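Excluded from the calculations below are hydrogen atoms, water molecules and symmetry mates; all remaining heavy atoms, backbone and side chain alike, are included. Quick note on labels: first sequence line is chain A, next is B, and so on, each numbered from 1.
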Amino acid sequence: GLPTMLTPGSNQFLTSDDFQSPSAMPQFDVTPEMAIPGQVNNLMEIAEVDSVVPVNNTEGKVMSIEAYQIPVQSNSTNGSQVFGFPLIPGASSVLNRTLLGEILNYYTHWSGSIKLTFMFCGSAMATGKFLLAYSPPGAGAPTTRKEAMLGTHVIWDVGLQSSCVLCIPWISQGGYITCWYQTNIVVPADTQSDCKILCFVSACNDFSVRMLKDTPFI
Amino acid sequence: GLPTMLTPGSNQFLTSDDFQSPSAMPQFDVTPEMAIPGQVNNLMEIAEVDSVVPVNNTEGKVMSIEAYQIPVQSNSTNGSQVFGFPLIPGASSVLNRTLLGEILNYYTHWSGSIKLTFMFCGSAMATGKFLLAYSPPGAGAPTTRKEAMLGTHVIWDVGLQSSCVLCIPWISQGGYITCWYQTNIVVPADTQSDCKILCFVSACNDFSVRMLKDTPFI
Amino acid sequence: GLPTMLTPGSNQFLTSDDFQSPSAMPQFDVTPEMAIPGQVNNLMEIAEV
Amino acid sequence: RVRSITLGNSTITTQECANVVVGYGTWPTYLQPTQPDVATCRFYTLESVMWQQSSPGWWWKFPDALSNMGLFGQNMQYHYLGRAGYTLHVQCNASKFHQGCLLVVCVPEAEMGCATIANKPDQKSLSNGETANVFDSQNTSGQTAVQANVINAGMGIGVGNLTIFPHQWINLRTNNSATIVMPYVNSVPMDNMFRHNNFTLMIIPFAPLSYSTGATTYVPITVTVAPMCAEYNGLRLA
Amino acid sequence: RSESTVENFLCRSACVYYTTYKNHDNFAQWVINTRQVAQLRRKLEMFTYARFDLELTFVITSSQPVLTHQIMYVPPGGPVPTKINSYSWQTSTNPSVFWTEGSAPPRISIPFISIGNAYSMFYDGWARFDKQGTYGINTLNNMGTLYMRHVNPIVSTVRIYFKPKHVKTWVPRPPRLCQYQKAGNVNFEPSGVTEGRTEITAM
Amino acid sequence: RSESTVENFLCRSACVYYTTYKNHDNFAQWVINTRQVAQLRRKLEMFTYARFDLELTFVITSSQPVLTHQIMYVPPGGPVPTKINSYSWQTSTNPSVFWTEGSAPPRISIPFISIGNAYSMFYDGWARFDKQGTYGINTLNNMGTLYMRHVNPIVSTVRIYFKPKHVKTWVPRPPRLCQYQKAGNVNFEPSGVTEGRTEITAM
């Protein structure tokens with residue numbers, strides 16, 4: 001026959017290799033594909049879907065649907081903080097179980113921008129303002145409404161917009177989000193309960209991941 | 001020589017593989033083919049041939065040719081059932097040993113339509129009607145002639161047609177066939193015995209099979 | 001299969017050889033190069049300083 | 001501004017500005033002879049449910065939810081094999097003095113867990129036909145009961161991630177309705193409608209209902225369903 | 001985004017089964033199942049339907065002249081061994097490999113083999129509506145079974161390495177929150193959505 | 001209809017012979033015969049005439065330095081061993097393979113070798129009309145014989161795997177109803193056509 005030499009690496013099984021192998025049943029005619037709605041080609045297609053963020057994940061709230069409901073006290077102290085959190089999708093307890101957070105926990109390294117949507121769920125006739133502020137990585141977090149106001153922010157008037165959307169320029173494997181009570185919430189009538197805010201998160205732009213790992217959630 | 005690596009799967013015998021092998025007698029000149037009538041290229045060519053169905057396979061009839069002979073009592077009660085059976089080619093004792101039934105017992109899964117032919121073997125001068133009814137899968141079986149009449153059927157007047165052919169739209173790895181005495185059998189003379197019906201079965205259309213298995217008949 | 005013969009030199013490791021080998025992580029997308037000042041292509045570039 | 005939609009012998013009213021969600025971007029289409037049936041393409045309105053400040057949520061399994069519904073329900077029994085898509089219209093009746101927010105989501109193959117780990121849930125606990133099942137706020141306990149604690153959507157997932165499935169939000173502040181178009185989704189082109197539920201409709205509050213004093217204490221939620229492109233196995237000779 | 005594709009996420013080897021058998025009921029078996037390993041199961045369950053081919057590699061070792069082992073694959077519906085000398089070990093429709101120690105590990109490829117157009121990860125239905133114990137069983141997911149024996153006192157150990165190939169998936173689902181309880185169902189202990197914090201505010 | 005072709009129906013491996021021999025009349029033999037296995041025999045007997053090439057693979061194991069085995073094929077009409085040291089083991093017209101333990105199993109291919117234009121499954125005639133005991137024997141179906149020995153106290157076991165290739169068949173026949181009694185004939189115990197039922201009507 002044809003002269004050959006076996007080289008190092010011969011007769012060994014690399015669990016990560018890619019070689020052809022014989023078919024156990026070569027005579028079997030395999031069932032044809034049919035279109036099925038919802039084909040997924042990439043996991044980023046999932047990471048880009050908004051999911052509800054458990055911002056109010058405090059003891060006693062984590063076991064309920066209430067974890068997702070940020071309370072708004074209509075008669076709270078003016079200038080007080082409504083809510084806030086460390087902006088870290090792969091570590092913070094607020095973001096690491098969201099659809100985005102789950103996908104990123106399969107990778108050692110990742111980066112991109114994220115989108116945060118805040119939705120007000122008070123009555124139709126409720127009005128008032130919130131200050132949504134962003135603190136760049138390493139800047140710490142505002143301690144007062146004025147400090148937050150002097151940084152980068154948006155004034156969210158719920159009487160005009162039921163929701164407000166932020167896109168963080170940088171999210172990587174930190175920064176902060178805070179919301180302050182610029183005004184109280186003004187209503188036409190005396191209600192039974194408070195108002196809630198829901199928060200949603202998704203990938204904003206082309207988001208990248210690099211090396212696959214076991215999820216830390218088993 | 002040429003550098004090579006042996007991969008997993010090397011030096012093992014897969015009973016289902018397909019590799020070239022050396023000829024034990026390479027110097028032997030093999031006898032040429034001659035045409036022989038009857039070449040078979042596919043088993044469906046056999047499945048499509050009508051064979052006689054042992055419809056009257058009751059105890060004491062199975063060991064005789066009588067298993068194939070459906071009796072017709074010329075003076076039976078009007079509206080009574082003549083015969084009937086579960087329409088399952090790969091399970092029913094009526095159909096699973098026919099040429100079609102035998103071939104399909106070599107496959108785990110199969111589907112297609114089947115053809116049933118009913119032939120009346122009374123005297124030339126015998127006349128009368130039968131109701132051949134088909135009950136779709138899951139519909140159960142008619143209990144009366146009227147019930148059968150209100151479903152899908154054909155009225156078979158033996159005085160015009162010595163045979164009648166049905167093609168079942170669906171046969172797969174159930175439905176029923178029944179035949180009712182719409183009328184009695186009218187004859188010109190007093191005969192010694194009853195009349196018989198023979199039943200035949202074959203594949204009707206393109207019939208499909210998928211995975212080969214051991215026959216259950218050894 | 002295709003008839004072959006193994007020749008002398010088969011199944012041995014020469015520390016100075018040059019053969020292809022399988023990648024342990026073929027699915028990993030390797031970080032692109034960026035220009036870095038000072039690329040050295042030859043040691044004579046140092047000997048001449 | 002207001003649109004009148006008539007199917008068969010039934011009419012409903014929707015708003016012209018209402019949005020429509022088409023699940024997976026796919027509209028229902030038509031697909032061993034098979035027979036189509038358009039006689040069932042009418043609106044079937046389910047008994048409404050009342051949304052209270054403490055309601056945990058509701059669900060329906062679809063092939064089963066319509067099993068007693070006239071002709072659609074009959075075709076499920078006369079034919080053994082079939083397929084259909086659906087349009088689901090969900091609407092709330094609320095004033096401008098009411099607040100709250102619902103997630104209206106349709107979940108394919110929504111296999112649900114049992115309250116007892118060693119067992120499987122019974123058929124009635126999984127579906128009560130046209131009658132809605134109710135999610136719990138607490139852990140469910142029983143031997144054949146569905147684990148209905150809403151936090152896990154009865155599936156062992158976080159409820160906030162149900163947005164991956166075709167859905168629409170109803171924020172009473174901005175909208176009182178949702179429309180979802182659900183294409184047929186399965187591993188096979190046609191199936192037995194009594195042995196499998198293609199999808200489950202879930203309505204889950206994320207912001208509790210509340211209102212000004214003197215306002216009605218509850219909000220009715222109505223679910224109206226219109227089958228499309230229904231097909232069943234033929235029942236005749238070849 | 002190359003590492004995010006479905007093929008790179010799922011087309012990776014895993015050890016799915018570990019077993020021992022002796023050469024003196026002395027045979028091993030494994031029903032091919034994608035719910036045996038929590039990490040494999042959790043990734044596949046992010047989809048509702050899937051199609052893939054299966055690559056199976058066998059790492060076989062033994063301890064106390066040339067040992068030969070037989071690995072048999074029984075397709076869905078094929079004859080099954082009950083005994084070391086059952087006739088089913090010789091069925092021509094049950095492919096097998098004969099391998100001896102000292103060579104590269106055995107490897108075989110099993111194509112997509114369901115009669116449905118996809119394997120289903122979830123099934124909101126019953127194999128039979130008359131039996132409530134069949135909830136969640138989709139018979140279209142039968143991938144066949146493996147049987148292992150010595151050809152002719154020693155102990156053998158087998159590790160089965162599984163790798164999906166040419167993977168296509170449909171209808172994404174939320175990742176499971178709860179820990180798995182059993183391979184035959186989706187039962188769970190109700191669980192909170194995340195880890196807690198001490199207050200809703202930053203710092 | 002791919003699985004229904006003649007080649008897919010018949011071109012599948014089967015174990016057709018199992019035997020043992022020792023290294024201390026101590027040799028094994030097998031006359032190539034397609035009537036030894038009931039499942040192979042029943043499929044081939046659905047035809048009256050056939051042509052095929054034969055692929056033979058040998059799985060050889062042994063128990064108590066390097067053992068070498070000789071597998072010899074004797075074509076129809078060739079010299080036959082009667083003894084372990086018979087001269088026939090060295091005939092140049094009787095091809096043989098020399099194999100040692102630890103390598104891949106031996107495999108050889110034997111072409112269609114009848115002088116007729118097909119092998120016959122059935123023969124309504126006599127090899128010689130003067131001898132009634134020859135009914136059913138078609139001498140044109142001689143496929144040759146295999147002989148097996150050690151080259152130079154141990155016991156060897158041989159499994160012979162048979163696979164028809166490039167199979168052509170003619171004149172289809174009904175499948176046998178009765179169980180097989182002997183390999184050298186078509187004798188049967190009269191049997192009923194099917195399983196019985198309690199009545200001719202449905203339900």
Is there a side chain to side chain donor-acceptor pair (under 3.5 Å) between B:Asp214 and E:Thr91? Walk through the geometry before answering.
CA-CA 7 Å; B:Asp214 283 346; E:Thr91 290; 2.9 Å; yes
Begin with the C-alpha distance, continue with both residues' side-chain angles, and end with the deciding distance and a verdict on side-chain contact (heavy atoms from CB on, under 4.5 Å) for B:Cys164 and B:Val154.
CA-CA 9 Å; B:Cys164 186; B:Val154 58; 3.8 Å; yes
State, to 0.1 Å, how close [X] and [Y] come at their nearest heavy-atom pair, and which atoms those are.
X	Y	result
D:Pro28	D:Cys229	O-SG, 3.9 Å
A:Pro37	D:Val185	CG-CG2, 4.0 Å
B:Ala141	F:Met203	N-CE, 3.3 Å
B:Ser163	B:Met119	CB-CA, 4.2 Å
B:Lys61	B:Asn56	CB-O, 3.1 Å
F:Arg176	F:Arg42	O-NH2, 2.9 Å

Value rounded to 0.5 Å, distance of [atom1] in [X] from [atom2] in [Y]:
X	Y	atom1	atom2	result
B:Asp157	B:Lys129	CG	NZ	5.0 Å
B:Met149	B:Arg145	CE	CZ	5.0 Å
D:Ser67	D:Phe194	OG	CZ	5.5 Å
F:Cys11	F:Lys165	SG	NZ	6.5 Å
D:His79	D:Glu231	NE2	CD	11.5 Å
F:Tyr119	F:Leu44	OH	CG	11.5 Å

Looking at [X] and [Y], would you say the former's side chain and the latter's main chain have a donor-acceptor pair under 3.5 Å?
X	Y	answer
B:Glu45	B:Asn41	yes
E:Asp53	E:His166	no
B:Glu147	B:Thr143	yes
F:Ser2	A:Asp29	no
B:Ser51	B:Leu99	yes
D:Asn233	D:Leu81	yes
F:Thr48	F:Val171	yes
F:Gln39	B:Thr215	yes
E:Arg128	E:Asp130	no

Salt bridge (charged side-chain N to carboxylate O under 4.0 Å, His left out) between F:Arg12 and F:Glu3, worked out:
CA-CA 12 Å; F:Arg12 310 223 167 186; F:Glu3 278 256 35; 2.7 Å; yes
Does the structure place the NZ or CZ of B:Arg97 under 6.0 Å from the centre of the six-membered ring of B:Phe217, at an angle of no more than 45° from the ring's axis?
yes
Can you label the angle between the F:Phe9 ring and the B:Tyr106 ring as parallel, tilted or perpendicular, going by 30° and 60°?
perpendicular
For [X], check side-chain contact (heavy atoms from CB on, under 4.5 Å) against everything at least two apart and list the hits.
X	answer
B:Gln161	B:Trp156
D:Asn186	D:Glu109, D:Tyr184, D:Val188, D:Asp191, D:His196, D:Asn198, E:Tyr49
B:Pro216	B:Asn105, B:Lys213
B:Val52	B:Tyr68, B:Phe200

So, do E:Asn94 and E:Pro75 sit near enough that their side-chain heavy atoms are less than 4.5 Å apart?
yes
Applying ring pair (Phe, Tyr, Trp, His ring centres under 6.0 Å), can you list everything that pairs with E:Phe129, at least two apart in sequence or on another chain?
E:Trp126
With ring-ring contact (aromatic ring centres under 6.0 Å, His included) as the criterion, how do E:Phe112 and E:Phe52 come out once you've worked through the C-alpha distance, each side chain's angles and the decisive distance to 0.1 Å?
CA-CA 6 Å; E:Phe112 179 80; E:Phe52 56 88; 7.7 Å; no
Checking D:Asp37 against D:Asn75 for the side chain to side chain donor-acceptor pair (under 3.5 Å) test, could you report, in this order, the C-alpha distance in whole Å, the side-chain angles of both residues, the deciding distance, and whether it holds?
CA-CA 9 Å; D:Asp37 189 1; D:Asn75 285 342; 2.9 Å; yes
Evaluate side-chain contact (heavy atoms from CB on, under 4.5 Å) for F:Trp170 paired with F:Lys168, printing each intermediate quantity in order.
CA-CA 7 Å; F:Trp170 302 266; F:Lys168 295 183 74 165; 3.9 Å; yes
Show, in sequence, the C-alpha distance, side-chain angles and deciding distance for B:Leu87 and B:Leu95, and conclude whether the side-chain contact (heavy atoms from CB on, under 4.5 Å) test is met.
CA-CA 8 Å; B:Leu87 196 60; B:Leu95 300 176; 4.3 Å; yes
Determine, step by step, whether B:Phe118 and B:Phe83 satisfy the ring-ring contact (aromatic ring centres under 6.0 Å, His included) criterion, reporting the C-alpha distance in whole Å, the side-chain angles of both residues, the deciding distance to 0.1 Å, and the verdict.
CA-CA 11 Å; B:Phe118 298 93; B:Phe83 66 90; 5.4 Å; yes
Count the heavy atoms belonging to other residues, nucleotides or ligands that lie under 6.0 Å from CD of D:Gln74, then report whether that count exceeds 12.
yes
CZ (F:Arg1) with more than 12 external heavy atoms under 6.0 Å
yes
So, are F:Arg51 and B:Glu33 salt-bridged, with charged N and O less than 4.0 Å apart?
yes
Donor + acceptor pair across side chains of [X], [Y] (<3.5 Å):
X	Y	result
B:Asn42	F:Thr5	no
E:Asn141	E:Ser120	yes
E:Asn117	D:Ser187	no

Can E:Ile110 and E:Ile32 be said to form a side-chain contact (heavy atoms from CB on, under 4.5 Å), step by step?
CA-CA 11 Å; E:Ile110 299 167; E:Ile32 297 169; 4.1 Å; yes
Which pairs of donor and acceptor atoms, one on a side chain in residues 167-179 of chain B, lie under 3.5 Å apart (sequence neighbours left out)?
unit_1   : atom_1 : unit_2   : atom_2 : d
B:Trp170 : NE1    : D:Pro33  : O      : 3.4
B:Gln173 : OE1    : B:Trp110 : NE1    : 3.0
B:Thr178 : OG1    : B:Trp180 : NE1    : 2.8

Can F:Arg173 and F:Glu45 be said to form a salt bridge (charged side-chain N to carboxylate O under 4.0 Å, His left out), step by step?
CA-CA 7 Å; F:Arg173 302 181 74 86; F:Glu45 288 183 356; over 6 Å; no
Go through the steps for A:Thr31 and B:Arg210 under the test side chain to side chain donor-acceptor pair (under 3.5 Å), then give the verdict.
CA-CA 9 Å; A:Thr31 305; B:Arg210 299 289 299 284; 2.8 Å; yes
